[PDB]
Amino acid sequence: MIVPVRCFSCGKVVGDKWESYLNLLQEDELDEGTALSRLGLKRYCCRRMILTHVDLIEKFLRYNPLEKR
Amino acid sequence: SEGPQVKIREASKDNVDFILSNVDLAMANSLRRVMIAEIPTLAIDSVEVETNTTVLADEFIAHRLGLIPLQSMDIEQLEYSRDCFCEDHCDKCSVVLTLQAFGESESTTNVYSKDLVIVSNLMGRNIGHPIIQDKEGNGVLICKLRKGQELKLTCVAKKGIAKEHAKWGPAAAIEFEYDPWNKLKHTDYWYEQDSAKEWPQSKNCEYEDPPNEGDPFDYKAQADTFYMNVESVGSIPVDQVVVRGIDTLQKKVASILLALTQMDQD
Amino acid sequence: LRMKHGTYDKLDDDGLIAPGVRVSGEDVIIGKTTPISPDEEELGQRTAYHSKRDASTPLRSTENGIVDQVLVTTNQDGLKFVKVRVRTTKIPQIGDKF
Amino acid sequence: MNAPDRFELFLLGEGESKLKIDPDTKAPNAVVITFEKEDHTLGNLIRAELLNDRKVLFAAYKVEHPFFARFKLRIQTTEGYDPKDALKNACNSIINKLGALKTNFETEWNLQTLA
Amino acid sequence: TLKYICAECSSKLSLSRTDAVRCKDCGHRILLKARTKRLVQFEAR
Ligand SMILES: [Zn+2]
Ligand SMILES: [Zn+2]
Ligand SMILES: [Zn+2]
């Protein structure tokens with residue numbers, strides 16, 4: 001629902017590359033493969049972590065908080 | 001010196017690509033396994049949640065926090081919590097971080113690992129700082145807050161090895177190759193029409209002479225000249241992964257020697 | 001009377017456990033009592049002080065986890081009723097089906 | 001629920017020793033050594049180093065079950081050569097080779113200036 | 001006596017035994033028990 005911290009297979013930290021992955025797609029107009037290779041994800045185990053991730057936390061954040069401070 | 005030889009092909013902040021020569025297969029594989037699973041590292045082990053109004057579960061957040069790479073350069077100065085005489089944790093065996101995030105903005109506030117604040121006394125060591133790698137300066141995206149949501153928690157990070165849990169592993173993926181030309185015939189190459197055409201040559205084939213395709217099979221040849229590429233998660237520098245792996249394997253063998261002498265004296 | 005052997009200490013004054021509290025197997029999460037006829041003779045441990053019996057709701061004997069959300073409301077009849085959500089991890093282990 | 005603690009992969013328990021050497025009655029001058037809280041990482045290294053010893057007739061290791069972090073190492077040496085001394089020599093040669101490897105890697109890393 | 005939060009208006013209320021379970025601000029009859037004030041410990045594995 002949010003980007004995993006580490007790649008499942010090898011353990012490379014991919015959780016810090018998610019926000020820069022979206023920038024490479026929306027304002028640099030790169031295709032997904034070049035955006036993955038630019039971030040340093042050269043193993044397809046790491047590439048499937050970012051490429052196949054679904055950001056379901058954005059849908060969860062549209063609901064109003066139950067306990068609002 | 002006489003023994004295993006190292007020729008480093010490439011060196012980076014988080015990658016070292018080297019040729020480990022004049023060494024047996026078992027010791028190269030043992031070094032690979034020790035770097036993967038046996039190097040002590042600092043990682044967040046226990047999370048005490050005070051406030052959690054996020055959309056993520058407490059245990060979800062705790063599992064994400066365990067996988068945050070923390071600085072572990074001076075991890076040998078830290079003690080295992082099982083070997084410490086304190087009740088739960090202290091500065092001698094743990095590093096206490098805190099994380100206080102509030103959604104004060106109308107847009108979504110991202111909670112990063114740069115927001116983790118060490119509140120324990122480090123005693124001048126070089127541990128506990130979350131590792132920052134990207135150019136933006138933020139860390140790993142821990143959570144996301146909408147307006148009015150709060151996340152207050154306290155992490156205790158203790159030293160451990162990747163055999164206990166993979167959050168303590170600093171070794172990422174370790175590339176490990178030998179005999180790229182298959183001159184030892186350790187693989188029987190599957191093929192449809194031609195094995196040489198259908199199997200792409202590895203990048204290490206430039207570092208060995210190709211076979212002369214008329215010479216007899218060398219039955220006396222053993223596996224040496226390993227091409228290894230260690231990648232660092234960031235917790236320790238990539239050279240310290242290899243050095244600490246050699247040290248850990250040496251300490252394991254020395255512990256076997258010590259136990260052997262202790263039961264020899266009885 | 002007839003109290004369950006599980007702990008009741010995690011309950012609050014309303015008989016409901018607060019969200020966030022960790023629960024373990026056969027622990028009471030909803031506490032409920034019903035009145036009985038006074039001055040009976042059953043099971044030996046029956047006295048005039050025992051004006052009620054326990055109709056509490058324990059957790060499953062093998063399950064555990066964290067109380068995620070406790071919801072108090074009324075039904076169509078106006079009777080008060082509660083819903084307690086317990087949240088746990090299912091980490092894959094030997095025998096899990098994929 | 002039935003999952004064992006992970007520290008049982010590398011922590012010696014109560015009343016458990018690191019090594020446990022038994023004589024082997026199948027062959028003369030042969031012992032079986034049970035290594036607790038170790039795995040293929042130590043076993044393969046020790047076995048392949050023992051096979052480089054010239055006076056060792058047999059060296060093998062097995063992990064009887066992957067659930068338990070322990071392995072059995074059978075050593076059979078020549079007559080007049082204690083298999084405990086063969087284990088000591090194999091361990092010492094591994095220590096020396098690893099020390100040489102550490103020094104070589106440190107010097108070669110210090111030669112690198114692009115890090 | 002015990003703290004609750006209304007499900008839709010998210011207003012903190014204090015309810016006793018005799019109080020009917022109903023929000024005093026927006027009248028929604030669904031109330032959530034407040035999260036506990038004691039700190040709860042999670043292993044980060
Ligand atoms: Zn990966
Ligand atoms: Zn301590
Ligand atoms: Zn309301």
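Residue positions begin at 1 at the first shown residue.
Looks like electron microscopy, 3.1 Å, at least that's what the header says.
Positions of Cβ are set from backbone N, Cα and C atoms, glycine also.
Its own atom aside, the Cβ of B:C90 (Zn(2+) binding site) has 16 Cβ atoms within 10 angstroms in the protein chains shown. The annotation Zn(2+) binding site is assigned in Swiss-Prot to B:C84, B:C86, B:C90, B:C93.
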**Q.** B:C93 (Zn(2+) binding site) CB neighbourhood, other CB atoms within 10 A
**A.** 19
Q: Specify all same-chain residues, apart from the site residues B:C84, B:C86, B:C90, B:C93, whose Cβ lies within 8 angstroms of the center of the Cβ atoms of the Zn(2+) site, ordered by sequence.
A: B:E79, B:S81, B:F85, B:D88, B:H89, B:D91, B:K92, B:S94
Q. Which entry in the list of binding-site residues, B:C84, B:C86, has its Cβ near the fewest other Cβ atoms, using 10 Å as the limit?
A. B:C86
